[PDB]
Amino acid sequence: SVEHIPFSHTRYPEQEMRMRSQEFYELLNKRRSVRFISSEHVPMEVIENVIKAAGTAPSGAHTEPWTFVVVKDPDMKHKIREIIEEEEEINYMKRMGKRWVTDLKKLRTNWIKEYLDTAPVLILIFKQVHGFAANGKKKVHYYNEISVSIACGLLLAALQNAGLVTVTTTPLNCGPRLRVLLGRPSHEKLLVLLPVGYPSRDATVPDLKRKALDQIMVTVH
């Protein structure tokens, strides 16, 4: 059924629009995945306000196919760390394949993940690959992966705006074990882990360049 209201919208005059879009670009452009996170405590309000932000993503036919699992318990965080090192280490020695580990080299990345223990909160984003109403019939979540991914793009923006850092991780093959560990139901699958907090004093990043605009944008006549 559902009815249809007018849309009220807030416009800015063209000059203001430009300002806000340069500035927002200049802000997002400082976002860098950080793999070295201070142990220092983050305000729980903020973590909430960024998850809230993520939950404003669009989603196939309005299905909102996403769960955000927040872990700050030092002992559950450790248990996650165990599952992921065990798996990542197999992924590096063999599972990923030679080509993938080669391609990874430059980032100086290994199966050791200090941050899963040091980061004050983790965020595990789970997609719901279908759902159930209160009625208990299966519902279809169209384009669930894209939807949750967008939402997730929204998370990254809110974190960077709120002055927190993270890295977007997809720990290969740790899905099923983390589901079970975290008591998530069978219709939910892990899509990303994000460790959240302040960068560590000694935090570094790989000196990578983003592509020039004329290499992501094509105008067509």
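Each residue number is its position in the shown sequence, starting from 1.
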- Task: Would you tell me which stretch averages the higher CA B-factor in the PDB entry, 39-47 or 54-62?
- Result: 39-47
- Query: With respect to the recorded C-alpha B factors, which stretch has the higher mean value, 131-139 or 146-154?
  - Reply: 131-139
- Just say lowest, middle or highest third for the CA B-factor of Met96 relative to the other modelled residues in its chain. highest
- Based on the entry's values, in what third of the chain does the Cα temperature factor of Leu172 lie: lowest, middle or highest? highest
- Give the position of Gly197 by CA B-factor within its chain, expressed as the lowest, middle or highest third. lowest
- Query: With respect to C-alpha B-factor, does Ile123 fall in the lowest, middle or highest third of the chain as deposited?
  - Reply: middle
- Message: When the deposited Cα B-factors of this chain's modelled residues are ordered and cut into thirds, is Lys105 in the lowest, the middle or the highest one?
- Response: highest
